[PDB]
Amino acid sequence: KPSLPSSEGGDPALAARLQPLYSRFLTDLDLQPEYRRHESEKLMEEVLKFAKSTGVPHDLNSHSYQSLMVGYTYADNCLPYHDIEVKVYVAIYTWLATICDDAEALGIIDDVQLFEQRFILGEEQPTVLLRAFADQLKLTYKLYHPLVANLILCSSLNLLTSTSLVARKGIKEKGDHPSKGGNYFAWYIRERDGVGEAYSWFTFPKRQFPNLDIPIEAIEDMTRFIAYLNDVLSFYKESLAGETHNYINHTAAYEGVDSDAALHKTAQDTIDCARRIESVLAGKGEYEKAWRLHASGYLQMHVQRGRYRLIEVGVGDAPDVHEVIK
């Protein structure tokens, strides 16, 4: 199982190997315009109030608070001009979902695996975390068109399932012993664990973005952009924690190349997705502009937040005093 999150130590040799790729990737993504923030202090007030309402602990310097700061920053950087109820919704979703994402390290896979059957039977979840996530999934329907909320929910449920699959020894065995012809397995797991489809659709809540038809052709590329950008830049922190049965390493295994080759390919794949999204969204009004600010903000979130430890690689920013893991 992976180690728990930490702010201590690191891997200087891996950081030296990754810094050149990471610095070139940040430039070559060429995400414009510059990221924006809006009503940042009002957002923090409203996020902390909602967080209190869930009952889920988020003490300063905890893993939970680290994840709350990821969710705050996701909304602040990626959805700056969105309705504040939507920004809080995404911040809180991202807090809870990133804790679930760490379920193997936290020892909560058993209840994560049982979440979906309890959810569709109306059985209350066993923990404060999972009751808050279930309530957050139901809240999606207040803010997103029902078809879009439907897709957000199936993507969110697939997170829990794929996180549980990678916790299985027989699934970790695939990376060590890849089957000939099995190359699609890397994206099979990554499409489901990465929640790229949910995060793509979060850009387009129904009141401000009432026409789901306008950006839909781009969703797949937005999903892959989101998943692949994180696969490149979270490789460092995943290596530190031993959570290395990931898309990069699975890709390297099926393609018979090393992690560095899969990182370079995945970096180029991210750029190719970003350029296709900008072609599809050319002349699509507020949809085009909202996506552009989401992509630019999403790169900066990784630069900024302690979850990704990028200050250690020389491309990120030092953590805030309360976000450092104690």
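All residue numbers refer to positions in the sequence shown, first residue = 1.
Original post:
Which has the higher mean CA temperature factor in the PDB entry, 274-282 or 22-30?
Top reply: The stretch with the larger average C-alpha B-factor is 22-30.
**OP:** Pick between 175-183 and 158-166: the one whose mean CA B-factor in the entry is higher.
**Re:** Taking the mean B-factor of the alpha carbons in each, 175-183 is higher.
Subject >> C-alpha B-factor winner, where the candidates are 189, 227, 252, 152 >> reply: Among 189, 227, 252, 152, the PDB entry lists the largest C-alpha B-factor for 252.
Subject >> Lowest, middle or highest third - CA B-factor, residue 131 >> reply: It falls in the bottom third of the chain.
Subject >> Third assignment of residue 289 from its chain's C-alpha B-factors >> reply: It belongs to the middle third of the chain when residues are ordered by C-alpha B-factor.
Original post:
Which third, lowest, middle or highest, does the CA B-factor of residue 220 fall in along this chain?
Top reply: For residue 220, whose C-alpha B-factor we compare with every modelled residue in the chain, the answer is the lowest third.
Subject >> Third of chain Cα B-factors occupied by residue 266 >> reply: Middle third by C-alpha B-factor.
**OP:** Within this chain's modelled residues, let me know which third the CA B factor of residue 123 belongs to: lowest, middle or highest.
**Re:** Highest third.
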